[PDB]
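First comes the structure, then the notes that go with it.
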Amino acid sequence: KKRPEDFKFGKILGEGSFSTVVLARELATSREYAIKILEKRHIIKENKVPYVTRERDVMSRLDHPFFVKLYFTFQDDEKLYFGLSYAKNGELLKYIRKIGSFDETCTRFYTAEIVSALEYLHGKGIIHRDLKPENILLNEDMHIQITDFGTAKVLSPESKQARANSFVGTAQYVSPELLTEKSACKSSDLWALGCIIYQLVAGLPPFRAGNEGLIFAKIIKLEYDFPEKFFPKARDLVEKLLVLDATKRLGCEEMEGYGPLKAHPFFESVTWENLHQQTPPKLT
Ligand SMILES: Nc1ncnc2c1ncn2[C@@H]1O[C@H](CO)[C@@H](O)[C@H]1O
Ligand SMILES: [Cl-]
């Protein structure tokens, strides 16, 4: 069982409302980790214990190359520590902001990685519920590392559960069913995927406003438009994801899952096997 003194801490990598992520080196192994550190008094006082427990439980189930890995947890009297893989290149969002708009090859490659990751997650009966570029990190090789599982949901196989009732997410990416029916499903992540693909090409997500309520109003009306130049096959894909009826989104269980989604013409040139070993295209 590891202890804080087993590590040398370096720079702060980021701060959440209830956490601090610090780069660390484990002394006995020289391995680098991103350690997420939570102050127990704070999580207790602010009723965050279920989210911390959820993050550990969900991440403990994942072993796929496109996710941040949870290697260990420990605690001392004041803090809880999650030892995570270090995604050296940070948030996908950073690259969208700086470049403005990904070319078609880069859009296709990163979309394909996200699709592969969602296929794995949904095959385990897990809904992410907060998929967005800030939560898609990049490792040293520029492969994706999806993170932020405190708001994810393990659907129960015993009850063949399909819907989740907690109200979580981020306004720009939240699904219409969560807003109108008050539940999410695996397909809710496919709505977020559609928003992300749109954002990679257009530079901004499709439902956008300076107030969350204004965004909700547009989501539920499917009020969005495409910029005049938008890769046609990518537009077709987005139009097959941003569908109000969650049972009609390409990739969802009612549409027979990931096979038909991976068969979409936008992905004709993708080699799905060993995608995590392919050299990503350079982002320019
Ligand atoms: N495993 C990680 N590797 C690198 N940076 C991270 C990691 N986890 C979180 N962060 C950074 O810290 C912030 C707060 O969690 C994130 O938005 C991200 O920028
Ligand atoms: Cl930004």
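By the numbers in Swiss-Prot, the shown part of chain A spans 76-359.
Method reported for this entry: X-ray crystallography, 1.4 Å.
Each Cβ is built from the backbone N, Cα and C atoms, and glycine gets one as well.
The ATP binding site feature in Swiss-Prot is assigned to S92, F93, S94, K111, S160, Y161, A162, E166, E209, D223; the stated evidence is experimental evidence. According to its DSSP assignment, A162 (ATP binding site) is coil.
Proximity of distant same-chain residues to the region 'PIF-pocket' (113-157), defined by a Cβ-Cβ separation under 8 Å and at least 6 residues beyond the stretch ends, is recorded for 76-79, 93-94, 188-189, 191-192, 195-196, 199, 201, 212, 218-222, 224-229, 351. If you look up Swiss-Prot, you'll see 113-157 marked as region 'PIF-pocket'.
According to DSSP, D205 (active site, proton acceptor) sits in a coil region rather than a helix or strand. Cβ contacts within 10 Å of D205 (active site, proton acceptor), excluding its own Cβ and spanning all protein chains shown: 20. The active site, proton acceptor feature in Swiss-Prot is assigned to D205.
The phosphoserine annotation in Swiss-Prot covers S241. Long-range C-beta contacts of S241 (phosphoserine), restricted to its own chain and to partners at least six residues apart, with a cutoff below 8 Å, comprise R204, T226, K228. For the recorded site, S241 (phosphoserine), the DSSP three-state label reads coil.
In the three-state DSSP assignment, the secondary structure recorded for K304 (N6-acetyllysine) is coil. Summarising the environment of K304 (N6-acetyllysine), the number of other Cβ atoms within 10 Å of its Cβ, over all protein chains shown, is 9. What Swiss-Prot lists as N6-acetyllysine is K304.
Using a 10 Å radius centred on the Cβ of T354 (phosphothreonine) and all shown protein chains, the other Cβ atoms total 9. Look at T354 (phosphothreonine): DSSP puts it in coil. The phosphothreonine annotation in Swiss-Prot covers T354.
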Pairwise C-alpha maximum, in angstrom, for the residues (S92, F93, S94, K111, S160, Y161, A162, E166, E209, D223) that bind ATP according to the record: 21
Intrachain C-beta neighbours of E209 (ATP binding site), sequence separation six or more, cut-off 8 angstroms: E166, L167, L168
Winner by Cβ contact number (other Cβ atoms within 10 Å) across the binding-site residues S92, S94, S160: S94
CB contacts for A162 (ATP binding site) [other CB atoms within 10 A, all chains]: 21
Of the recorded positions listed as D205, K304, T354, the one whose CA lies nearest the CA of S92 (ATP binding site): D205
Minimum Cα separation from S94 (ATP binding site), reported as the residue among recorded positions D205, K304, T354 that achieves it: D205
